[PDB]
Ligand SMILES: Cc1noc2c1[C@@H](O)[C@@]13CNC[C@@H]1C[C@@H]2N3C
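The chain that follows stands alone, in the form solved without the ligand, written as structure tokens.
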């Protein structure tokens, strides 16, 4: 089989999709793409359709299309965005130049669902548990999110949450960023995603952004004032002289009393936060560890927290030319096989 398409301009952009999907309605766009809500007539479902902006405009563009198609094809978890479909109108490699991605429309992000804010301990518990559950899977594939933030979480009105790996507004990235990755570090880790999860949690229990820096310099100042200036041990792990100084040069920040800052809320929540917002990535709790913690007693089930199949990202090392990335991508478009009902 090979479907028939129809073009239209969802302002000011042109869309070329199988007749399968109807009622294409714009829902947002960034620099790397445009999404539309729509109805999958096959399954009778509502879906999100993403048209990538110019997938192969450059080497940098080429490899990221590829990166995106590859991760999305790999992700099969209820807490992580995956692919229902992927298509192109082209009929040969020769004319390949557009890529479309299909997934379950969620219709909003955490932000979009949460404001004005401060929800019951109960919803926080549930939202964060879904995030730690999807993160468990992703990390288990040897993948680091690194861009975890509210606008990177897709939530529907049933409060079900999915992590999207690529996807801002319509959040301010450095507000959610592990300190280590605002210092040029490192041979750092997975637990940078744990920092952000802590940052999101704080704001949900609190109704306000934990660390709304104005820049990377400010950002660190606010982080330090909560968590305090670094132990001499941590210090010794820092090779970056300039990093050491910036730190070593501050008010000697005392570690603040979580209890007092946070907030009148569930002492379990706070003791978990305590464990997520650590200066040392080496000492930060892990997705899986975080899931087995008292705070999520009513949601936590160890035999329903799957981990992923291994993912080859050896491609990340390579340096190919646009055409090779492009044909790589196409090959993956060609080979895609759809999910089961």
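Residue numbers count along the first chain shown, from 1. Take the two forms, superpose them, and find the largest set of C-alpha atoms that agree within 1.5 Å; that set is the rigid core.
Keep in mind that the form solved in complex with the ligand is missing from the display, and what follows is about it.
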| Hey, in the deposited complex, is residue 159 touching the ligand, heavy atoms inside 4.5 Å? | yes
| Contact test in the deposited complex: residue 117 vs the ligand, heavy atoms, 4.5 Å | yes
| At the 4.5 Å heavy atom threshold, is residue 171 in contact with the ligand in the deposited complex? | no
| task | Indicate whether residue 93 is a 4.5 Å heavy atom neighbour of the ligand in the deposited complex. | result | no
| said: Using the rigid core as the reference frame, would you say residue 76 shifts its C-alpha by 2 Å or more between the shown form and the other one? | reply: no
| task | Tell me, please, whether between the shown form and the other one the C-alpha of residue 185 is shifted by 2 Å or more, with the rigid core used for superposition. | result | yes
| query | Can we say the CA of residue 114 moves by at least 2 Å between the shown form and the other one when the core is superposed? | reply | yes
